[PDB]
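Colleague: This one is an experimental structure. Sequence first:
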Amino acid sequence: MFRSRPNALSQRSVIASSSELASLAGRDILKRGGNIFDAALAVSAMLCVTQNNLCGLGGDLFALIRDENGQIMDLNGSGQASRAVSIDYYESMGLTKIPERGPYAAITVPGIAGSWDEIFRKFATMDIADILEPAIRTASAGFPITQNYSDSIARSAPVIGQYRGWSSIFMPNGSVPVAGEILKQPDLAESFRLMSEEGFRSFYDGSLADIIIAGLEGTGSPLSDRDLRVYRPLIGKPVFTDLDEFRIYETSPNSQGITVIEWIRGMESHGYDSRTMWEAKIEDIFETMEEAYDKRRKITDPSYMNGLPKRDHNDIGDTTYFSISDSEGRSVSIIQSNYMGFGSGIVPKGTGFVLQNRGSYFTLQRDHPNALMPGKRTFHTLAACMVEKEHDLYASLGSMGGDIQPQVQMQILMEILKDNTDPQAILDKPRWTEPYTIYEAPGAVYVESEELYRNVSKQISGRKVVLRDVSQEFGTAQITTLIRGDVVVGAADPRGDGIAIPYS
Amino acid sequence: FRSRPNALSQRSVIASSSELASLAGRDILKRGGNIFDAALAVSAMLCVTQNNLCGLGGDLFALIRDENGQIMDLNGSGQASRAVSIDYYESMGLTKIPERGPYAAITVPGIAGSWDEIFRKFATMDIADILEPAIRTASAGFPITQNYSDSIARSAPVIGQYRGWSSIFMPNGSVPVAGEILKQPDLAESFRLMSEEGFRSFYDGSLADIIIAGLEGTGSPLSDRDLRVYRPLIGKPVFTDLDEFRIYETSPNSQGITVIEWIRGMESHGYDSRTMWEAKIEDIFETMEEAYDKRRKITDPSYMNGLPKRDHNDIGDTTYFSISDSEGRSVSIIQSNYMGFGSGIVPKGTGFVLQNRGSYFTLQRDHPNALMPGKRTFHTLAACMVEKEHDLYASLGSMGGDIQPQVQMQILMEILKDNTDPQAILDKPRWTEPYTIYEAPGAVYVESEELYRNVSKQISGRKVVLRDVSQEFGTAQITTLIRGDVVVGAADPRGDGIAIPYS
């Protein structure tokens, strides 16, 4: 049996992120005396520096946070659309669809900073300066990039390379940096510095907020100071479902997390349980999946909830998910993103971060549930999962991917419920995906192994099957679990640059 | 596909077979120590988290390069007891040295003595701070991995009869499963004693007395004098030039020179640093066997101044680690007990198993590697280092017994061509053809269908066996220097290793 790398184990805690530097920063915080929540903030901030090719200060964040008493917070750090945009705004320009990049794509407020404010005030114990120190140092000093990071820049050049604010930072010499080259981010360091000095909220109400708005002048961006000031993350409880002695939790809407819950209930109605889903018939897995994805079409801003064209391309959506758990049951399941890679490509002058293009997921069809409206939140691909067994923490997981996050989560979940002692083996397993947005019908099914190619081709009808190499095309997931003796185990996806780090 | 990303740093990187060990080295660097202080801490940590592959009762070999390009070849293999000899075994009615037991643990543990030398010549921190991570981990315990658990399971049948071993690694009478906490109180005390009296106390202080007293009644020939006279052999590494490259290996009695011989042989076939990576497999095997034939004369260096075919996989467990910094400083260190946990003999209250390295000696009087009192045996341990235009280029090595040169060579041929993705090189499927200096080549083992087909058609006269990717094909780690003096590190997916950067 081959394992990409050993699981990380600890009698106290394990940190699993898509960045070795980020995981180490979280571990150093713990070593310094902070709790896993202090560590979570340090890790999230570091990811905005070493993994901003998949997230950033200009993006959103969703999270499930569990304290030792079992209380779980569902934190929705999704920003709302500008009050200055609307369907008329686009039609007036002659557009019938929101652009994927540019000033008219960056139409929702970055919600991550606000989510940090909530986490810090409710769970942190350390000074904000100590929490953000690692991120600031790494941004100013720089770090030698990996091949995967280099590839991200190369793949982005054709779509956002025209934006000086982005190219001047990630392609300083006019070419794509090679692995090993040092990426320094002085402006980004300054943005973190300001929040360190004025607090997380200053991103929307202080000096940084003014710098952001001023730095967008001339771009045409509709984002205003008021959009930033009125932004507030949504705090609530996770949605969930029980399966035998297990309870599976997911981030609530406008996150698409509930799709996983619906899928499980569907599998359950087919006669499966926590002991048998791992070997469930593939046809039943796809049937219940599409029924769950069907209900997914109604997901949007929660305050608004009270023959579609077939997909012909691979999944669209870049993000970074990380988990941290301790022997006492505390845990975080956090995911953050700009939506498409680096984002819109628009960088507010002097801030060092790209505004997310999450708003391009909105539709201009007025009667569709997810129609663009000023101040509204859009259906969100981000989701975070958590599992309890007999009321105690069992697992904390999540995965990168746009519309495929539920599918990757489910494949991992079905195995984890059977046995959670070797999470890495589970992460290593070949996967399948069937990408399509809430506006599309199922297209081709992608698989990483000949075995899946055969099983799918024979059991799944009317579907084109495509064999692909193992890669982030099938997501990037991390996980931490709790095993006998309250020992924490962590694992990171070989599809990404992640490394799970233990701390005792 | 890459098992895990390379670890990069503008300062330094630590690559070992243990995530805890690599992290401890990082903490040392964060305290202001140099990579040599970190190397000592990492080596000690490995004696706690990887004692299924090494330990205080084993040996160590190392190549150490300072910022000035000065390279020390440190031979930390202990010599045989003065009380043993061929007559000693014949008098017992034996024609071969046993692999386990008191009569197998016949060479002095040389690792502590090697640390003494490294500490005195290269260290800057107090010994108490360097050993703190090891002591704490031994005392507090750590959850074992599946690989570690598997090591115990495989050892139970051969050394499970020894109380000193079973009481530590199988405390509940059964094999601990992954995740179970392994505490090692006695080991922690052994390390504490050295932090109080120095590394050398293992041979001439309180720990030394405890070791000898702890062997009373076992029949062990190891005496207080054997310990006191042990001293690591310090000298220069052997090497060969290939284009602008300088390839170094640990000197004899290490089998490292075998790699040097192999490279020269490949060079005689027309290959160079730019083409060896795609050399004809028949040439690779031809020169390998010629190098392995010269390997038969390797033994104690002071003694250097029709064979049966092997019928089984390689024998030899080890842990290798490397650390390099942007200034060219580097360490290529390897340590082992030889066979897994070792002889199985644990000196009462010390928490470590005596190595069974002495079982490699032959009782054939006229053989170069014949057992002699106070003599060192041919050693499977080897550490490699590479320079390019006189500057540090790579630091590498790999676990394995008689296959170490083969694993090194496959890595070396690739790294000489390109050293920017060392992890990819480590991930690549490998082949092996294990056999001791006393045997003729047997079957050839391979990790891929491709190698199977290629070997089966190009190498005639040998059985070829397909195997799953595992430590049967070694466990290697590497640190390299790329443009801008950026350090890159990688660890073998065949082991529990993780490469950790320090910035």
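Modeller: Cool, got the structure. Numbers count the residues shown, from 1 in each chain, chains lettered A, B, ... in the order given.
Colleague: Looking at the stretch 151-300 of chain A, which residue is nearest chain B?
Modeller: Nearest residue of the stretch 151-300 of chain A to chain B: residue A:180, at 4.9 Å (CB to the nearest CB). The way it works is simple: take the backbone N, C-alpha and C, and place the C-beta from them, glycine included.
Colleague: what about that residue, which helix or strand?
Modeller: Under the assignment given by DSSP states H and E, residue A:180 is not contained in any helix or strand.
Colleague: May I ask you to confirm that it is in contact with residue B:481?
Modeller: No. In this structure, residue A:180 sits apart from residue B:481 without contact. The criterion is CB atoms under 8 Å, and the distance is 10.2 Å.
Colleague: Between those two, point out the one with more neighbours.
Modeller: residue B:481 (25 against 21; other CB atoms under 10 Å in any protein chain shown).
Colleague: I'd guessed that one sits against residue B:387; true?
Modeller: No. Using CB under 8 Å, residue B:481 makes no contact with residue B:387, being 9.7 Å away.
Colleague: Find the residues that touch each one of those two.
Modeller: In terms of CB atoms under 8 Å, 6 or more residues apart in numbering or on different chains, residue B:481 and residue B:387 are both contacted by the residues residue B:393.
Colleague: could you list every residue that touches whichever residue of the stretch 101-250 of chain A sits closest to chain B?
Modeller: Here the stretch 101-250 of chain A gets closest to chain B at one residue, residue A:144, 4.1 Å apart by CB to the nearest CB. Residue A:144 sits next to A:179-183, B:8-10, B:484, B:486 when contact means CB under 8 Å, 6+ apart.
Colleague: just residue A:94 next, same as before
Modeller: Under the criterion of CB under 8 Å, 6+ apart, the contact list for residue A:94 is empty.
Colleague: I'd like the distance between it and chain B.
Modeller: Using CB to the nearest CB, to the nearest Å, one obtains 45 Å as the distance from residue A:94 to chain B.
Colleague: Equivalent analysis for residue A:380, please.
Modeller: Here the criterion is CB to the nearest CB. By it, residue A:380 lies 28 Å from chain B.
Colleague: Could you give the bridge partners of that residue?
Modeller: Listed by DSSP bridges, the beta-bridge partners for residue A:380 are residue A:255.
Colleague: my read: it touches residue A:256, true?
Modeller: Yes. At 6.5 Å, residue A:380 and residue A:256 qualify as touching, with contact defined as CB under 8 Å.
Colleague: Quick check: closest non-adjacent residue to residue A:134.
Modeller: The spatially closest residue to residue A:134, leaving aside those adjacent along the chain, is residue A:25, at 3.9 Å (CB to CB, 6 or more residues apart in numbering or on different chains).
Colleague: again but with residue A:440, I slipped
Modeller: residue A:311 (4.7 Å).
Colleague: end-to-end on stretch A:301-312?
Modeller: Using CA to CA, to the nearest Å, one end of stretch A:301-312 lies 27 Å from the other.
Colleague: Show me the contact partners of it.
Modeller: Applying CB under 8 Å, 6+ apart, the set of residues contacting stretch A:301-312 is A:80, A:234, A:252-254, A:298-299, A:369, A:373, A:376-378, A:435-437, A:439-444.
Colleague: Could you check which helix or strand contains residue A:262?
Modeller: Per DSSP H and E, residue A:262 falls inside helix A:258-269.
Colleague: thinking in terms of the whole chain, how far from its middle is that helix?
Modeller: Taking CA atoms, centre = their mean, to the nearest Å, one finds helix A:258-269 lying 21 Å from the centre of the chain it belongs to.
Colleague: Which elements pack onto the helix or strand just after it?
Modeller: Read in the C-terminal direction, the helix or strand following helix A:258-269 is helix A:282-296, with elements assigned using DSSP H and E. Contact analysis of helix A:282-296 by 3 or more CB pairs under 8 Å, 6 or more residues apart in numbering or on different chains; DSSP states H and E lists helix A:258-269, helix A:405-416, helix A:450-459 as its packing neighbours.
Colleague: circling back to that earlier point, in contact with the residue nearest to residue A:134, which residues are there?
Modeller: A:42-43, A:46, A:134-135, A:138.
Colleague: Need the max-distance pair from the residues you listed.
Modeller: Across these, the longest distance by CB to CB is 12.0 Å; it joins A:43 and A:138.
Colleague: which residue ranges form the helices in the stretch 101-250 of chain A?
Modeller: Under the criterion DSSP state H, counting those that start in this stretch, the stretch 101-250 of chain A contains helices at A:112-123, A:128-141, A:147-160, A:164-170, A:186-198, A:202-205, A:207-214, A:225-230.
Colleague: got a list of contacts for the fourth one?
Modeller: Read that as helix A:164-170. With CB under 8 Å, 6+ apart as the criterion, helix A:164-170 contacts A:153, A:156-157, A:160-161, A:174, A:177, A:183, A:185, A:187, A:342, A:345-349, A:352, A:354.
Colleague: what does the stretch 51-200 of chain A put close to chain B?
Modeller: A:138, A:141-148, A:179-182 (CB under 8 Å from any CB of the partner chain).
Colleague: repeat that for 7 Å
Modeller: Applying CB under 7 Å from any CB of the partner chain, we find that the stretch 51-200 of chain A lies next to chain B at A:143-144, A:146-148, A:179-180, A:182.
Colleague: Check which helix or strand the closest residue to residue A:368 other than its chain neighbours maps to.
Modeller: For residue A:368, the nearest residue in space outside its immediate sequence neighbours is residue A:439; the separation is 7.9 Å by CB to CB, 6+ apart. Element membership of residue A:439, judged by DSSP H and E, is empty: it is in no helix or strand.
Colleague: Go ahead and confirm residue A:439 touches residue A:364.
Modeller: No. Counting by CB atoms under 7 Å, residue A:439 sits too far from residue A:364 to count as a contact (11.2 Å).
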